[PDB]
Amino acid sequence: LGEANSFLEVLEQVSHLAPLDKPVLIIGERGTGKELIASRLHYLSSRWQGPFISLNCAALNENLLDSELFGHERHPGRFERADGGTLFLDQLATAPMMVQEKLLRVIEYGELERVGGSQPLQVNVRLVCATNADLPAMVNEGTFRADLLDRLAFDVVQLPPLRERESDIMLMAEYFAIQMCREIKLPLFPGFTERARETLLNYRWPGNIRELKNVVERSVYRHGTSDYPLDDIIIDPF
């Protein structure tokens, strides 16, 4: 979430892309809300009453990924489960080259192939994928299929990292701090000192919004009082 102009521009882009049936590629670091953007593409589309299915490609080994996406024997895969809806594939760049070619087969031909006896399955799925890799760099290296990229990247949504939305950092920090005050029953958030603000604004936030929420919640809890402003931002609890 947030309100920097670069983020508002993303929301505008998403509102125009959502009604299309074309695949959308989301590029962004961890904690920038890629799955929320994918969900927004679905719910602003004509498919909104259909299924919204997610899969993280990085999480499964190659055989398990293959079966989870395309099914086997019956274990229906994620494409089948997303029929009439939207399938979100996260960490796309980790997909093995076998899975990449099979993904292209389903995209251009619009159907899954069955082992023996079973006829192929036709599927109608809107695809949204996400990564933080440099996919054109991977194409040059031969670790990502050029023909798949020629097809998947109809258009690209680039999510700005928190460090490039500096105006959003104190806005969101205040929001998360207030919510933590409610959780631990403090009567009022007593504010951030200038030292705290320097700490927040100078940090690069590799975990972006998710990390900001955790750091601020921990800091409010450790502070534990409404009697004076929060001075000590605990970035590293280790």
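The first residue of the sequence shown is number 1, and the count goes up from there.
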Count up the deposited residues without coordinates from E73 to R74 and drop the result into none, 1 to 3, 4 to 9, or 10 or more.
4 to 9
10-18 versus 211-219 - greater average Cα B-factor per the deposited record:
10-18
Averaging only over Cα atoms, indicate whether 195-203 or 59-67 has the higher B-factor in the PDB entry.
59-67
Top Cα B factor in the deposited entry, candidates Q158, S167, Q100, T131
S167
Highest Cα temperature factor in the entry, among the options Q49, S39, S54, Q179: which one is it?
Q49
Considering every modelled residue of the chain and its Cα B-factor in the PDB entry, is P187 in the lowest, middle or highest third?
middle
Tertile call for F79 (CA temperature factor, within chain, third-based) is the middle
Record-listed C-alpha B factor of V106: chain third
highest
So where's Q119 on the chain's Cα temperature factor ranking, which third?
highest
Split the chain's modelled residues into thirds by Cα B-factor; is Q91 in the lowest, middle or highest one?
lowest
